[PDB]
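A.B. asks: Structure supplied as final.csv; contents: CSV, C-alpha atoms.
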```csv
chain,number,residue,atom,x,y,z
I,193,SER,CA,84.0,95.0,102.0
I,194,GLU,CA,82.9,97.7,99.6
I,195,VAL,CA,80.6,100.2,101.3
I,196,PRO,CA,78.3,101.7,98.7
I,197,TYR,CA,77.0,105.2,98.5
I,198,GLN,CA,74.0,105.2,96.3
I,199,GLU,CA,74.0,108.7,94.9
I,200,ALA,CA,70.8,107.6,93.1
I,201,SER,CA,70.3,110.9,91.3
I,202,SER,CA,67.1,111.4,89.4
I,203,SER,CA,68.3,113.6,86.6
I,204,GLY,CA,70.9,111.7,84.7
I,205,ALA,CA,73.3,110.7,87.4
I,206,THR,CA,73.2,107.4,89.0
I,207,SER,CA,76.5,107.0,90.8
I,208,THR,CA,76.5,104.1,93.3
I,209,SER,CA,80.0,105.0,94.4
I,210,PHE,CA,81.5,102.1,96.3
I,211,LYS,CA,84.8,101.7,97.8
I,212,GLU,CA,86.1,98.7,99.8
I,213,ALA,CA,87.6,99.0,103.2
I,214,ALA,CA,90.0,96.1,102.8
I,215,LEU,CA,93.5,95.0,103.2
I,216,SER,CA,94.8,95.3,99.7
I,217,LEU,CA,98.0,95.1,97.5
I,218,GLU,CA,98.2,96.5,94.0
I,219,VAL,CA,101.6,95.5,92.7
I,220,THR,CA,103.4,96.3,89.4
I,221,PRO,CA,106.8,94.5,89.8
I,222,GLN,CA,109.6,94.9,87.3
I,223,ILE,CA,112.3,92.2,87.6
I,224,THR,CA,116.0,93.0,87.3
I,225,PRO,CA,118.4,90.0,86.7
I,226,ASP,CA,120.0,89.8,90.1
I,227,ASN,CA,116.8,88.5,91.7
I,228,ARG,CA,115.6,92.0,92.6
I,229,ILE,CA,112.4,93.9,91.7
I,230,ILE,CA,111.5,97.6,91.4
I,231,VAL,CA,107.8,97.5,92.0
I,232,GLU,CA,105.1,100.1,92.2
I,233,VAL,CA,102.9,98.9,95.0
I,234,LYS,CA,99.9,100.6,96.6
I,235,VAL,CA,99.3,98.9,100.0
I,236,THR,CA,96.1,99.9,101.7
I,237,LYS,CA,94.6,98.8,105.0
I,238,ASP,CA,91.2,100.3,105.2
I,239,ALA,CA,88.7,99.4,107.9
I,240,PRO,CA,84.9,99.8,107.5
I,241,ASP,CA,83.7,103.0,109.1
U,242,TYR,CA,74.4,91.9,106.0
U,243,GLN,CA,73.3,95.6,105.5
U,244,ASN,CA,72.0,94.6,102.1
U,245,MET,CA,70.0,91.9,103.8
U,246,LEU,CA,69.2,94.7,106.3
U,247,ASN,CA,68.1,97.0,103.4
U,248,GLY,CA,70.4,99.7,104.6
U,249,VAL,CA,73.6,100.9,102.9
U,250,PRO,CA,75.0,97.6,101.7
U,251,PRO,CA,78.7,96.9,101.9
U,252,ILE,CA,79.3,93.5,100.2
U,253,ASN,CA,82.3,91.7,101.4
U,254,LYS,CA,85.0,91.0,98.7
U,255,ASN,CA,88.0,88.7,98.9
U,256,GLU,CA,89.4,88.8,95.3
U,257,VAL,CA,92.7,88.3,93.6
U,258,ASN,CA,93.3,89.2,90.0
U,259,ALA,CA,96.5,88.1,88.3
U,260,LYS,CA,98.1,86.4,85.4
U,261,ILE,CA,100.5,83.5,86.2
U,262,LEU,CA,102.2,80.5,84.6
U,263,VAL,CA,101.8,77.0,86.0
U,264,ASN,CA,102.1,73.5,84.8
U,265,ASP,CA,99.0,71.3,84.4
U,266,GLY,CA,100.0,68.9,87.2
U,267,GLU,CA,100.9,71.8,89.5
U,268,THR,CA,99.0,73.5,92.3
U,269,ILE,CA,100.0,76.9,93.4
U,270,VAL,CA,99.1,79.6,95.9
U,271,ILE,CA,97.6,82.4,93.7
U,272,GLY,CA,97.4,84.6,96.8
U,273,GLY,CA,97.1,84.4,100.5
U,274,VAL,CA,96.5,86.7,103.4
U,275,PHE,CA,96.8,86.0,107.2
U,276,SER,CA,95.1,88.5,109.5
U,277,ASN,CA,96.4,88.3,113.0
U,278,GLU,CA,94.4,90.4,115.4
U,279,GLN,CA,95.7,90.7,119.0
U,280,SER,CA,93.6,92.9,121.3
U,281,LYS,CA,94.1,93.2,125.0
U,282,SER,CA,92.0,95.6,127.2
U,283,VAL,CA,92.4,95.6,131.0
U,284,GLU,CA,90.4,97.9,133.2
U,285,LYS,CA,91.7,98.4,136.7
U,286,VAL,CA,91.2,100.3,139.9
U,287,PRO,CA,94.8,101.4,140.8
U,288,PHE,CA,95.1,100.3,144.4
U,289,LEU,CA,93.1,97.1,144.2
U,290,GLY,CA,94.5,96.4,140.8
O,7,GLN,CA,105.6,77.9,66.9
O,8,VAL,CA,106.1,80.5,69.7
O,9,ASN,CA,104.0,79.9,72.8
O,10,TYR,CA,105.6,82.5,75.0
O,11,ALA,CA,106.2,85.0,72.2
O,12,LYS,CA,103.4,86.8,70.4
O,13,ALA,CA,103.6,86.1,66.6
O,14,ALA,CA,103.2,89.8,65.9
O,15,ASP,CA,106.2,90.5,68.0
O,16,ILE,CA,108.2,88.1,65.8
O,17,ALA,CA,106.9,89.9,62.8
O,18,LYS,CA,108.3,93.1,64.1
O,19,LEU,CA,111.6,91.4,64.7
O,20,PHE,CA,111.6,90.2,61.1
O,21,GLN,CA,110.8,93.8,60.0
O,22,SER,CA,113.9,94.8,61.9
O,23,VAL,CA,115.7,92.1,60.1
O,24,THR,CA,114.5,93.7,56.8
O,25,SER,CA,115.9,97.0,58.2
O,26,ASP,CA,119.2,95.1,58.4
O,27,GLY,CA,119.1,94.7,54.6
O,28,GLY,CA,110.5,87.6,52.4
O,29,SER,CA,107.0,86.4,53.2
O,30,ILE,CA,105.7,86.2,56.8
O,31,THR,CA,102.5,84.5,57.9
O,32,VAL,CA,101.0,84.7,61.4
O,33,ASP,CA,98.8,82.1,63.1
O,34,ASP,CA,96.8,83.5,66.0
O,35,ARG,CA,95.3,80.2,67.0
O,36,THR,CA,98.7,78.5,67.6
O,37,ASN,CA,100.7,81.7,67.8
O,38,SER,CA,102.9,80.1,65.1
O,39,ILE,CA,104.6,82.1,62.4
O,40,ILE,CA,105.4,80.5,59.0
O,41,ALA,CA,108.0,82.4,56.9
O,42,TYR,CA,108.9,81.7,53.4
O,43,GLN,CA,112.1,83.7,52.8
O,44,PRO,CA,115.9,83.4,52.5
O,45,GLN,CA,117.3,80.8,54.9
O,46,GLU,CA,119.6,83.3,56.6
O,47,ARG,CA,116.8,85.6,57.7
O,48,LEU,CA,114.9,82.6,58.7
O,49,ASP,CA,117.7,81.3,61.0
O,50,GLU,CA,118.3,84.7,62.6
O,51,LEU,CA,114.7,85.2,63.3
O,52,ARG,CA,114.6,81.7,64.7
O,53,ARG,CA,117.4,82.5,67.2
O,54,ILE,CA,115.5,85.7,68.3
O,55,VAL,CA,112.5,83.5,68.6
O,56,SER,CA,114.3,81.1,70.9
O,57,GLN,CA,115.5,84.0,73.1
O,58,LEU,CA,112.1,85.6,73.1
O,59,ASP,CA,110.0,82.5,73.9
O,60,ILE,CA,111.1,82.7,77.6
O,61,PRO,CA,108.7,82.5,80.5
O,62,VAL,CA,107.9,85.8,82.2
O,63,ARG,CA,109.0,85.7,85.8
O,64,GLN,CA,106.3,85.6,88.4
O,65,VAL,CA,107.1,86.7,92.0
O,66,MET,CA,105.0,86.2,95.1
O,67,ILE,CA,105.0,89.4,97.1
O,68,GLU,CA,104.2,89.0,100.8
O,69,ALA,CA,103.8,92.3,102.7
O,70,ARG,CA,103.1,92.3,106.4
O,71,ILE,CA,101.4,95.0,108.4
O,72,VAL,CA,102.2,95.4,112.1
O,73,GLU,CA,100.1,97.7,114.2
O,74,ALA,CA,100.6,98.1,117.9
O,75,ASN,CA,98.4,100.6,119.9
O,76,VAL,CA,98.9,101.0,123.6
O,77,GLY,CA,96.5,103.3,125.5
O,78,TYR,CA,96.6,104.1,129.2
O,79,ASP,CA,94.1,106.6,130.5
O,80,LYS,CA,93.4,107.5,134.1
O,81,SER,CA,90.9,110.1,135.4
O,82,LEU,CA,90.3,111.2,139.0
O,83,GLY,CA,87.3,113.1,140.2
O,84,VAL,CA,87.6,114.1,143.9
O,85,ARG,CA,84.6,115.4,145.7
O,86,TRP,CA,84.3,117.0,149.1
O,87,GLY,CA,80.6,117.8,149.7
O,88,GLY,CA,79.0,118.8,152.9
O,89,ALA,CA,75.6,120.5,153.0
O,90,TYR,CA,75.7,120.8,156.8
O,91,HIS,CA,77.9,123.9,156.7
O,92,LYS,CA,77.4,124.4,152.9
O,93,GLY,CA,81.0,123.4,151.9
O,94,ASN,CA,81.0,121.4,148.6
O,95,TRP,CA,83.7,121.1,146.0
G,7,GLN,CA,119.5,93.2,78.1
G,8,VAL,CA,118.8,96.3,80.2
G,9,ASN,CA,116.7,95.6,83.3
G,10,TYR,CA,117.1,99.1,84.8
G,11,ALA,CA,117.0,101.0,81.5
G,12,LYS,CA,114.0,101.1,79.2
G,13,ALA,CA,114.7,99.8,75.8
G,14,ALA,CA,113.1,102.8,74.1
G,15,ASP,CA,115.5,105.0,76.1
G,16,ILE,CA,118.4,103.1,74.6
G,17,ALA,CA,116.8,103.5,71.2
G,18,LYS,CA,116.8,107.3,71.7
G,19,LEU,CA,120.5,107.1,72.7
G,20,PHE,CA,121.2,105.2,69.5
G,21,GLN,CA,119.3,107.9,67.6
G,22,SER,CA,121.6,110.4,69.2
G,23,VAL,CA,124.5,108.2,68.1
G,24,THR,CA,123.1,108.5,64.6
G,25,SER,CA,123.1,112.2,65.1
G,26,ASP,CA,126.8,111.9,65.7
G,27,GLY,CA,127.2,110.6,62.2
G,28,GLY,CA,122.1,100.5,61.7
G,29,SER,CA,119.1,98.4,62.7
G,30,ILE,CA,117.6,98.5,66.2
G,31,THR,CA,115.1,95.9,67.7
G,32,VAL,CA,113.4,96.4,71.0
G,33,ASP,CA,112.1,93.6,73.3
G,34,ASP,CA,109.5,94.8,75.7
G,35,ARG,CA,109.2,91.4,77.5
G,36,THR,CA,112.8,91.3,78.5
G,37,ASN,CA,113.5,95.0,77.9
G,38,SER,CA,116.4,93.7,75.7
G,39,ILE,CA,117.6,95.6,72.6
G,40,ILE,CA,119.2,93.7,69.7
G,41,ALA,CA,121.1,95.9,67.3
G,42,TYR,CA,122.6,94.8,64.0
G,43,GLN,CA,124.9,97.7,63.1
G,44,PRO,CA,128.5,98.7,62.9
G,45,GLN,CA,130.6,97.5,65.8
G,46,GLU,CA,131.6,101.0,66.9
```
As a first step, turn the structure in this file into structure tokens.
C.D. replies:
Amino acid sequence: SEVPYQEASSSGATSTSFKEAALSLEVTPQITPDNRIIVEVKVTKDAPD
Amino acid sequence: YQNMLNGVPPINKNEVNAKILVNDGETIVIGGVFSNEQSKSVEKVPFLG
Amino acid sequence: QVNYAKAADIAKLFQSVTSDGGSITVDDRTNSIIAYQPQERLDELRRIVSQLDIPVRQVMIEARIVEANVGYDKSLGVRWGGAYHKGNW
Amino acid sequence: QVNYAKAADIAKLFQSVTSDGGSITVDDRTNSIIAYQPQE
């Protein structure tokens, strides 16, 4: 779930910053022929405060 | 709930974004997650415990 | 017709063929390239087309998180209080 | 086909080969370089 922070800012800045405390995988796999992968993965386990 | 509560609203998101190839007559698992939580708490007076 | 290969990519390959030593048409809707040009270039580009129109390999990545926390906490408060002789700890 | 080597890197190596003394094609999808040029 993405907790929001409404930085509701009167003068020009409305930044409802919102960030999810979640189990998540962000994967960018590159496959090599011999059934292997070099992958850039960001693995985050974030629990709601 | 907090949004329903009119507080700081953390919406709950379960979302997978990906590009995959499948046949028409085919069903696949785009993504899956299993969350296994095992919690044990025992409170004990030493002698009687 | 190249379903797995973008037509523009094939055009770049043909441009490389031109670098080796001639009309190319690209169909976005079908991703199909029609080329009116010498047969030899046609055939070479076709072979490259066959190689290129290969399915990109998907992989299912399953990462498992294991967390074990064990906490043992014991506290003892010992009190000896007597107001009779005013001795109280 | 170079899985561990970027095709552009190979192109730079061939450019260096040209510096030593000729058509190069780069495939992003497979990271495979097809070169039509002298055998050496």
A.B. asks: Near chain U, meaning an atom within 9 Å, which residues of chain I appear when counting only C-alpha atoms? Write them as a PDB file with C-alpha atoms, in the frame of the given file.
C.D. replies:
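Contents of the output file iface_38.pdb:
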```pdb
ATOM      1  CA  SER I 193      84.000  95.000 102.000  1.00  0.00           C
ATOM      2  CA  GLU I 194      82.900  97.700  99.600  1.00  0.00           C
ATOM      3  CA  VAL I 195      80.600 100.200 101.300  1.00  0.00           C
ATOM      4  CA  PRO I 196      78.300 101.700  98.700  1.00  0.00           C
ATOM      5  CA  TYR I 197      77.000 105.200  98.500  1.00  0.00           C
ATOM      6  CA  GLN I 198      74.000 105.200  96.300  1.00  0.00           C
ATOM      7  CA  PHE I 210      81.500 102.100  96.300  1.00  0.00           C
ATOM      8  CA  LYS I 211      84.800 101.700  97.800  1.00  0.00           C
ATOM      9  CA  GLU I 212      86.100  98.700  99.800  1.00  0.00           C
ATOM     10  CA  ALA I 214      90.000  96.100 102.800  1.00  0.00           C
ATOM     11  CA  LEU I 215      93.500  95.000 103.200  1.00  0.00           C
ATOM     12  CA  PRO I 240      84.900  99.800 107.500  1.00  0.00           C
TER      13      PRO I 240
END
```
A.B. asks: Which one of I:234, I:206, I:223, I:239 sits closest to chain O if you count all atoms listed in the file?
C.D. replies: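 Closest to chain O of all the choices is I:223.
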A.B. asks: Fewer than 4 positions away in the same chain doesn't count, so skip those; otherwise give me all residues within 10 Å of range 38-46 of chain G, counting all atoms listed in the file, as a list in words.
C.D. replies: residues 19, 22, 23, 25, 26, 54 and 58 of chain O; 7, 8, 9, 11, 12, 13, 14, 16, 17, 20, 28, 29, 30, 31, 32, 33 and 34 of chain G
A.B. asks: Calculate how many Å separate CA of residue 32 in chain O from CA of residue 57 in chain O, rounding to one decimal.
C.D. replies: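 Between CA of residue 32 in chain O and CA of residue 57 in chain O the gap is 18.6 Å.
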A.B. asks: Show me, as a PyMOL selection string, every residue of chain U with an atom at most 9 Å from chain O, counting only C-alpha atoms.
C.D. replies: chain U and resi 260-262+270-275+279
A.B. asks: Any chance you can output those residues with C-alpha atoms as a PDB file, in the frame of the given file?
C.D. replies:
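result.pdb was written with the following content:
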```pdb
ATOM      1  CA  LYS U 260      98.100  86.400  85.400  1.00  0.00           C
ATOM      2  CA  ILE U 261     100.500  83.500  86.200  1.00  0.00           C
ATOM      3  CA  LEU U 262     102.200  80.500  84.600  1.00  0.00           C
ATOM      4  CA  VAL U 270      99.100  79.600  95.900  1.00  0.00           C
ATOM      5  CA  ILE U 271      97.600  82.400  93.700  1.00  0.00           C
ATOM      6  CA  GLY U 272      97.400  84.600  96.800  1.00  0.00           C
ATOM      7  CA  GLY U 273      97.100  84.400 100.500  1.00  0.00           C
ATOM      8  CA  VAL U 274      96.500  86.700 103.400  1.00  0.00           C
ATOM      9  CA  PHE U 275      96.800  86.000 107.200  1.00  0.00           C
ATOM     10  CA  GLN U 279      95.700  90.700 119.000  1.00  0.00           C
TER      11      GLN U 279
END
```
A.B. asks: Please measure the separation of CA of residue 42 in chain O and CA of residue 36 in chain G, giving the value in Å to one decimal.
C.D. replies: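 It comes out at 27.2 Å.
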A.B. asks: Work out how far CA of residue 13 in chain O is from CA of residue 33 in chain O, in Å to one decimal.
C.D. replies: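 That distance, rounded to one decimal, is 7.2 Å.
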A.B. asks: Go through I:219, I:235, I:229, I:213 and flag the residue nearest chain G, using all atoms listed in the file for the distances.
C.D. replies: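 Of I:219, I:235, I:229, I:213, the one nearest chain G, counting all atoms listed in the file, is I:229.
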A.B. asks: Set the cut-off to 12 Å and count only C-alpha atoms: what are the residues of chain I that reach chain G? Output as a list in words.
C.D. replies: residues 221, 222, 223, 224, 225, 226, 227, 228, 229, 230 and 231 of chain I
